[PDB]
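Please read the structure below before turning to the comments.
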Amino acid sequence: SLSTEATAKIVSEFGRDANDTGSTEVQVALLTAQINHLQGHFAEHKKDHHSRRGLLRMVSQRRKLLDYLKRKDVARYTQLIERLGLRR
Amino acid sequence: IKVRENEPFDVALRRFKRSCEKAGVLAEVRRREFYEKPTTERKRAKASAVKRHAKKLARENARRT
Amino acid sequence: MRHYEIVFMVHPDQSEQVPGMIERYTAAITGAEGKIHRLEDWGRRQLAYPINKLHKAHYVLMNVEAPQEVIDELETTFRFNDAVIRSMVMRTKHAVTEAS
Amino acid sequence: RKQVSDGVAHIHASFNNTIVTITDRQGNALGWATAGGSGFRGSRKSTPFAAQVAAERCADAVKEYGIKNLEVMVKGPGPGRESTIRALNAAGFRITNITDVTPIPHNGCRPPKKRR
Amino acid sequence: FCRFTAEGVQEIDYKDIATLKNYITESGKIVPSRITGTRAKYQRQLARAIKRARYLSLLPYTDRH
Amino acid sequence: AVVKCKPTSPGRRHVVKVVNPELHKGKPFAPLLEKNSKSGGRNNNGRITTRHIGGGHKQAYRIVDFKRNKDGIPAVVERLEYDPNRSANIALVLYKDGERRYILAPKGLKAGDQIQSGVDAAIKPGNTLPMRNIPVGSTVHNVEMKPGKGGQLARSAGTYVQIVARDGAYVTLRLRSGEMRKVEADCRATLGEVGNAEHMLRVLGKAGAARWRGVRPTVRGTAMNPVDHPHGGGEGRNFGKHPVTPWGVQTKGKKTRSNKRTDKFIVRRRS
RNA sequence: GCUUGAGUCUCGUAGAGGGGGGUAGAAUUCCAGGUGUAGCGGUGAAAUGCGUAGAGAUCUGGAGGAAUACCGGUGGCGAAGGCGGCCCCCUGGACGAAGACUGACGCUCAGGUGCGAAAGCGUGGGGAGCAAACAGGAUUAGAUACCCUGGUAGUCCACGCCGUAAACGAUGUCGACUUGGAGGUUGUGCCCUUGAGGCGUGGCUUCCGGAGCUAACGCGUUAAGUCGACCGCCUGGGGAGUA
RNA sequence: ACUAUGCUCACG
Ligand SMILES: [K+]
Ligand SMILES: [Mg+2]
Ligand SMILES: [Mg+2]
Ligand SMILES: [Mg+2]
Ligand SMILES: [Mg+2]
Ligand SMILES: [Mg+2]
Ligand SMILES: [Mg+2]
Ligand SMILES: [Mg+2]
Ligand SMILES: [Mg+2]
Ligand SMILES: [Mg+2]
Ligand SMILES: [Mg+2]
Ligand SMILES: [Mg+2]
Ligand SMILES: [Mg+2]
Ligand SMILES: [Mg+2]
Ligand SMILES: [Mg+2]
Ligand SMILES: [Mg+2]
Ligand SMILES: [Mg+2]
Ligand SMILES: [Mg+2]
Ligand SMILES: [Mg+2]
Ligand SMILES: [Mg+2]
Ligand SMILES: [Mg+2]
Ligand SMILES: [Mg+2]
Ligand SMILES: [Mg+2]
Ligand SMILES: [Mg+2]
Ligand SMILES: [Mg+2]
Ligand SMILES: [Mg+2]
Ligand SMILES: [Mg+2]
Ligand SMILES: [Mg+2]
Ligand SMILES: [Mg+2]
Ligand SMILES: [Mg+2]
Ligand SMILES: [Mg+2]
Ligand SMILES: [Mg+2]
Ligand SMILES: [Mg+2]
Ligand SMILES: [Mg+2]
Ligand SMILES: [Mg+2]
Ligand SMILES: [Mg+2]
Ligand SMILES: [Mg+2]
Ligand SMILES: [Mg+2]
Ligand SMILES: [Mg+2]
Ligand SMILES: [Mg+2]
Ligand SMILES: [Mg+2]
Ligand SMILES: [Mg+2]
Ligand SMILES: [Mg+2]
Ligand SMILES: [Mg+2]
Ligand SMILES: [Mg+2]
Ligand SMILES: [Mg+2]
Ligand SMILES: [Mg+2]
Ligand SMILES: [Mg+2]
Ligand SMILES: [Mg+2]
Ligand SMILES: [Mg+2]
Ligand SMILES: [Mg+2]
Ligand SMILES: [Mg+2]
Ligand SMILES: [Mg+2]
Ligand SMILES: [Mg+2]
Ligand SMILES: [Mg+2]
Ligand SMILES: [Mg+2]
Ligand SMILES: [Mg+2]
Ligand SMILES: [Mg+2]
Ligand SMILES: [Mg+2]
Ligand SMILES: [Mg+2]
Ligand SMILES: [Mg+2]
Ligand SMILES: [Mg+2]
Ligand SMILES: [Mg+2]
Ligand SMILES: [Mg+2]
Ligand SMILES: [Mg+2]
Ligand SMILES: [Mg+2]
Ligand SMILES: [Mg+2]
Ligand SMILES: [Mg+2]
Ligand SMILES: [Mg+2]
Ligand SMILES: [Mg+2]
Ligand SMILES: [Mg+2]
Ligand SMILES: [Mg+2]
Ligand SMILES: [Mg+2]
Ligand SMILES: [Mg+2]
Ligand SMILES: [Mg+2]
Ligand SMILES: [Mg+2]
Ligand SMILES: [Mg+2]
Ligand SMILES: [Mg+2]
Ligand SMILES: [Mg+2]
Ligand SMILES: [Mg+2]
Ligand SMILES: [Mg+2]
Ligand SMILES: [Mg+2]
Ligand SMILES: [Mg+2]
Ligand SMILES: [Mg+2]
Ligand SMILES: [Mg+2]
Ligand SMILES: [Mg+2]
Ligand SMILES: [Mg+2]
Ligand SMILES: [Mg+2]
Ligand SMILES: [Mg+2]
Ligand SMILES: [Mg+2]
Ligand SMILES: [Mg+2]
Ligand SMILES: [Mg+2]
Ligand SMILES: [Mg+2]
Ligand SMILES: [Mg+2]
Ligand SMILES: [Mg+2]
Ligand SMILES: [Mg+2]
Ligand SMILES: [Mg+2]
Ligand SMILES: [Mg+2]
Ligand SMILES: [Mg+2]
Ligand SMILES: [Mg+2]
Ligand SMILES: [Mg+2]
Ligand SMILES: [Mg+2]
Ligand SMILES: [Mg+2]
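Residue numbers (PDB author numbering), protein chains in the order written: chain o, 1 to 88; chain u, 3 to 67; chain f, 1 to 100; chain k, 12 to 127; chain r, 9 to 73; chain C, 1 to 271.
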């Protein structure tokens, strides 16, 4: 469920400091980090539908933060997506 | 289950069996307990238990006996 | 990385090899970072029921920290070996001591 | 001829029958009797006394072997067994120990359907 | 009586069988909580340890082996 | 793997191809293939002894090693190839000292995997061993019936033998027929299952596809005249005869096993 | 802007949450082998069935499949369907503790899309037990049933379909608010652990009851009370959830 | 053990 070193690495990069860990910029990166880690898990398995429910929670949770971020500030919205590799 | 009873005694006395198994093998796994029926017959045996226990507190009525 | 608690049992005649067996399994794990926390050979203990039509197995508790690559290589050496009568590998919750 | 010291009286007590079978120490049959073999047929075959008389009929017909003392190994439920062991004393034996071999399956095979 | 002790807490372990054999009946079956006290949390740990001990042939599965 | 073909023509409607992408797209390794001329069913005396064989695509023989001796020499699998001579696909194994040879491709094998053969080795799919060294209750293939020979049993796509027991010098094997056959423990067996298990799900789809596999049409006895086949004649779809071969021997339940030299080795016949 | 809703991280706690792989013991059937002598089996009572070719019973050694006794509870987890031997692998959520951060990011949702017991269906495995269909013996006025002896699809597995159930608390989701008692379960505080305790306060949960509501039955801080947001649905019975 | 049925309408 994402190691503490993996979260702390992303937290102390996108945000201001290690203290700041709840920004829309940070939150979207932690979801994206976990969603990509789960693609290996759903490459095989496949029938694990209960875990997919948690994944599809993360996916929809991400899009509501991104859609919030776009309406709030278009500048940092476009800069965040280029770094993470979203919008396909 | 394995009951020797020393030497002078004999007279069965094997409640060790009767207060352990017998009913478990027999009147349960003799004929099929249709998955749901246990869930039904337990929950009524469970509801009948607390029906008596809740009444046992309110059993102290007038009586006059 | 992860802590484990390996408890395997060995056939009576091959109990003389167990001093050697432990040295081989230690060398596998101790090379890859994680140390062995406990060494306790239980000895030729009686079985509750016969396994493989015999009594008296030679029990060995290791208890060790290791990565997942080494522990599964050790798990495979138990199945491809007629000397070892059964084994099991428990999870983490830190290291321990004593108890028998 | 043989002349065994001790044996094992296996009792297979089902609801319908009570099959007594006296064997030796190493599970090797010496003789037997049944509630159906005693006479007692139909409703009479499923009773405590019809098992008693079957054990009395199994008590003799193993006198050639000359068993002094034996172990009981009851099985199934049945109306017998709490009556059949009484018969082994009254006949002429010494019961060393009484045991159960009632085969308890640890939820294994689906039993037959309930009857109406 | 209840759990381990006043300042016990601890965790019910499978290796020791002296304290563990008190929590199984003479046949080999597990004794329930309503006979031997015990909080539900430790009765689950106990049950799990009895099964782990059974696997290693430390405790027996039954007395017809 | 099993791809169903779109119905752009009748006889392309029911076609179901076994496309293996991991197979080789190029010419095979020339030193290990000689020519293989076709019999058309006929023998020494030029007479059709086996009916319904004739024609098909010209196909060269790969010199596949079944015995698999060359001991104590690890060998890297270079590439998985097509074999027209066989149900199962083959693997071009490059031995560390610089030989190449073909082997039957097991299930879990790929271009890059390393394989060893001999007495010691490791218990892993592809590694040939004597069946004495192999664990009881394990899946093998390419099994020898006699020590030192090639490999008779379990060489067809998806096929495998399971080792049931080991009585001293003899090993009891449960074959894919269901027959439990006793073989010598010194005999060798390549570990795992034979690959290309999708082979069975291929469906040809046209009459032509059987022709280019070297099969010729089977004519039914009932169609023929009395002179030709025991089933024969009748004025419009008659029979009234117990099923039989063209040579009168009863088909449809009639044991023709009569070896009697090898009946000692068969534990239980198949069912 | 703000921070109370909502979300993030931090350290843990419980759990048949899931998916993949192993392995254990009891038992059933069967397989060959030893013993052994007439029955066994079954039933309301019988018979078909099985047995002198030596069954049943008993023991020895295998093989295979499926399901996990006891723990086990008005216990737990899951959105629902549902989920119980033990062990590792990957993995989703829940809750608690005190902070720090974001700064309304929220709630509902027509269409859309996913998951969805059992039975079915398709291709390929497996097949002990059980068992629709089916057969025979009973029962009966008849018995295409109930009972008995046999018994194939199926139940198991892998992968696709199906998309329904009294899929039920017959109770849509989210939020706020309004007397109590006895418990179960899992947290975390304060105190002497001074001895299986003393005292709070969060989750989830079962039972009884107050006002209030209800046609009544009952519901009743987990509302069917008092209100708000949005959705779904209803408009006599048959015809018909049919054409 | 199992064990069927009761032709129509009629109490302001
Ligand atoms: K389904
Ligand atoms: Mg997450
Ligand atoms: Mg999380
Ligand atoms: Mg910020
Ligand atoms: Mg919106
Ligand atoms: Mg149920
Ligand atoms: Mg010539
Ligand atoms: Mg020639
Ligand atoms: Mg010639
Ligand atoms: Mg032909
Ligand atoms: Mg030609
Ligand atoms: Mg050829
Ligand atoms: Mg050919
Ligand atoms: Mg061929
Ligand atoms: Mg020799
Ligand atoms: Mg032909
Ligand atoms: Mg044909
Ligand atoms: Mg023909
Ligand atoms: Mg003609
Ligand atoms: Mg001719
Ligand atoms: Mg002719
Ligand atoms: Mg004609
Ligand atoms: Mg005709
Ligand atoms: Mg005719
Ligand atoms: Mg003829
Ligand atoms: Mg003829
Ligand atoms: Mg003829
Ligand atoms: Mg046949
Ligand atoms: Mg604040
Ligand atoms: Mg929340
Ligand atoms: Mg704690
Ligand atoms: Mg769990
Ligand atoms: Mg877990
Ligand atoms: Mg789980
Ligand atoms: Mg699981
Ligand atoms: Mg699984
Ligand atoms: Mg077993
Ligand atoms: Mg068995
Ligand atoms: Mg024979
Ligand atoms: Mg025989
Ligand atoms: Mg008769
Ligand atoms: Mg007859
Ligand atoms: Mg006869
Ligand atoms: Mg016969
Ligand atoms: Mg005979
Ligand atoms: Mg027999
Ligand atoms: Mg028998
Ligand atoms: Mg056996
Ligand atoms: Mg087995
Ligand atoms: Mg819950
Ligand atoms: Mg719910
Ligand atoms: Mg795995
Ligand atoms: Mg949730
Ligand atoms: Mg989360
Ligand atoms: Mg808090
Ligand atoms: Mg703002
Ligand atoms: Mg601020
Ligand atoms: Mg909706
Ligand atoms: Mg909708
Ligand atoms: Mg679906
Ligand atoms: Mg499903
Ligand atoms: Mg589905
Ligand atoms: Mg199903
Ligand atoms: Mg099917
Ligand atoms: Mg079909
Ligand atoms: Mg087929
Ligand atoms: Mg069958
Ligand atoms: Mg049946
Ligand atoms: Mg039936
Ligand atoms: Mg019928
Ligand atoms: Mg008949
Ligand atoms: Mg009938
Ligand atoms: Mg009739
Ligand atoms: Mg049957
Ligand atoms: Mg299963
Ligand atoms: Mg599976
Ligand atoms: Mg699977
Ligand atoms: Mg669908
Ligand atoms: Mg729907
Ligand atoms: Mg519906
Ligand atoms: Mg339901
Ligand atoms: Mg319900
Ligand atoms: Mg309720
Ligand atoms: Mg409804
Ligand atoms: Mg919703
Ligand atoms: Mg909360
Ligand atoms: Mg009231
Ligand atoms: Mg109202
Ligand atoms: Mg009222
Ligand atoms: Mg309510
Ligand atoms: Mg409130
Ligand atoms: Mg309140
Ligand atoms: Mg509350
Ligand atoms: Mg509410
Ligand atoms: Mg309400
Ligand atoms: Mg109402
Ligand atoms: Mg309407
Ligand atoms: Mg209407
Ligand atoms: Mg109408
Ligand atoms: Mg319709
Ligand atoms: Mg009539
Ligand atoms: Mg009438
Ligand atoms: Mg009338």
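From the three backbone atoms N, C-alpha and C, an ideal C-beta is built for every residue, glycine too.
Bridge-paired residues (DSSP) for residue i
i	result
C/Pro106	C/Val194
r/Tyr22	According to DSSP, r/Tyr22 bridges with nothing at all.
C/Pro246	BP columns for C/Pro246 are empty, so no partner.
k/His21	k/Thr32 and k/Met84
f/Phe8	f/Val60 and f/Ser87
o/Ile81	o/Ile81 pairs with nothing; no bridge assigned.
k/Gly42	k/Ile33
C/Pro130	C/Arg188
f/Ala66	f/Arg2
k/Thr110	k/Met84
C/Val2	C/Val18
Integer Cβ distance of residue i from residue j, believed to fall under 8 Å
i	j	result
f/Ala48	r/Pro68	4 Å
C/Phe239	C/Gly151	Their Cβ separation, rounded to whole angstroms, is 44 Å, which puts C/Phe239 and C/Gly151 out of contact at 8 Å.
C/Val18	C/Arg202	5 Å
C/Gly158	C/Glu193	7 Å
When the options are compared against residue i, the one with the closest alpha-carbon
i	options	result
residue 5 of chain k	k/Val73, k/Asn80, k/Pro59 and k/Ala46	In this structure chain k extends from 12 to 127, so residue 5 of chain k is not present and cannot be described.
o/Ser1	o/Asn36, o/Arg16, o/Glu25 and o/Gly22	o/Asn36
f/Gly43	f/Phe80, f/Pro12, f/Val89 and f/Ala28	f/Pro12
C/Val219	C/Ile115, C/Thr245, C/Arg188 and C/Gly98	C/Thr245
f/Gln17	f/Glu65, f/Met90, f/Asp41 and f/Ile51	f/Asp41
k/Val15	k/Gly77, k/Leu99, k/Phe51 and k/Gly38	k/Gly77
C/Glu81	C/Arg51, C/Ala91, C/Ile73 and C/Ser87	C/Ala91
C/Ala169	C/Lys146, C/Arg213 and C/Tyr160	C/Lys146
o/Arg62	o/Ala8, o/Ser3, o/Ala33 and o/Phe14	o/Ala33
heavy atom of ligand 6 below 7 Å from residue i C-beta
i	result
u/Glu9	no
Cβ-heavy atom distance, residue i to ligand 14, below 7 Å
i	result
C/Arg174	no
heavy atom of ligand 2 below 7 Å from residue i C-beta
i	result
o/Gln27	no
Cβ-heavy atom distance, residue i to ligand 21, below 7 Å
i	result
C/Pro226	yes
Residue i Cβ short of 7 Å to ligand 18 heavy atom set
i	result
C/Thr218	yes
Contact test: residue i Cβ vs ligand 15 heavy atom, cutoff 7 Å
i	result
C/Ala169	yes
Heavy atom of ligand 16 within 7 Å of residue i beta-carbon
i	result
C/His229	no
Segments assigned alpha helix (DSSP H), at least 4 residues, entirely inside the region 164-222 of chain C: The DSSP assignment places 207-211 as complete runs of the alpha helix (DSSP H) inside the region 164-222 of chain C, in order along the chain (cut-off: 4 residues).
Could you name each continuous beta strand (DSSP E) segment of 3 residues or more that falls completely within the region 59-100 of chain C, going from the start of the chain to the end? Within the region 59-100 of chain C, the complete beta strand (DSSP E) runs of at least 3 residues fall at 75-81 and 90-95.
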